[PDB]
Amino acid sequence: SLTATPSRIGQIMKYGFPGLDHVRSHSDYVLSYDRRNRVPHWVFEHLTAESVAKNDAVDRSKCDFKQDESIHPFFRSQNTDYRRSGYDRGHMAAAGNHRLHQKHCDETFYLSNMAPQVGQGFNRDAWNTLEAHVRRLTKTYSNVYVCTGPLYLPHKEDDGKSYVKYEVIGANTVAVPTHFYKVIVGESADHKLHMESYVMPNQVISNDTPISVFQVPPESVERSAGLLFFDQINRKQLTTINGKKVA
């Protein structure tokens, strides 16, 4: 319970591993760390109504952003990197998804679980709205599995060529992702599986923008991320994808 447990990792990673780069387990989430970019490749979570429920025994105010000492010093992000960068330390595995115990929540505050996110208009707003939606999905599906991670998407330039470009912050050159995704599978009461997937740009988003507009086919997230999500599920056996019936 209070540490990484073999049974729990296997519970969280029920539907497979998106990738195998530098995979680390905490008590209630799984993390693949991108040493080059100093942020996760991905995190993985298995949420229930119980585990996202407000718990008097969990005080988020006791939690501080801290370096992850299990990462080699060359590849650690530090508070110094984010300070006055114009970016928030943005949780990949949100602190609110992990309320079974204080330590479960504490562990989401390692800087290895962070990526630079726009604050007002994203981390603190639109992105939180998506996080809150995924937690509310537990009222529809008894078990909600979710993979969250960064993307670095190309754009076209005046020369007609395509380029990936992103800011890197601080002495440790922490990458600022262009976008983030969540790819989600809910298990209904019957044995039906339902998938949702979203891609949101790492920028100021209007507060009136519904998260539904950010829905993308999961395969396009896979192609952009260099990862395969829920590889143990044949997509022909899903019931719905982004609210749309599968054949």
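Numbering starts at 1 and follows the sequence shown.
Engineer: Select between 215-223 and 55-63 the stretch whose C-alpha atoms have the higher average B-factor in the entry.
Structural biologist: Higher mean C-alpha B-factor in the PDB entry: 55-63.
Engineer: Within this chain, which third does the Cα B-factor at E50 fall in: lowest, middle or highest?
Structural biologist: Bottom third by C-alpha B-factor.
Engineer: Relative to the other modelled residues in the chain, which third contains the C-alpha temperature factor of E107: lowest, middle or highest?
Structural biologist: Middle third - that is where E107 ends up once the chain's C-alpha B-factors are sorted.
Engineer: Among all modelled residues of this chain, ranked by Cα B factor, put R38 in the bottom, middle or top third, i.e. lowest, middle or highest.
Structural biologist: As the PDB entry reports it, the C-alpha B-factor of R38 lands in the middle third of its chain.
Engineer: Can you tell me which third, lowest, middle or highest, the CA B-factor of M13 falls into for its chain?
Structural biologist: Lowest third, going by the recorded CA B-factors of the chain.
Engineer: Among the modelled residues of this chain, does the Cα B factor of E131 put it in the lowest, middle or highest third?
Structural biologist: For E131, whose C-alpha B-factor we compare with every modelled residue in the chain, the answer is the lowest third.
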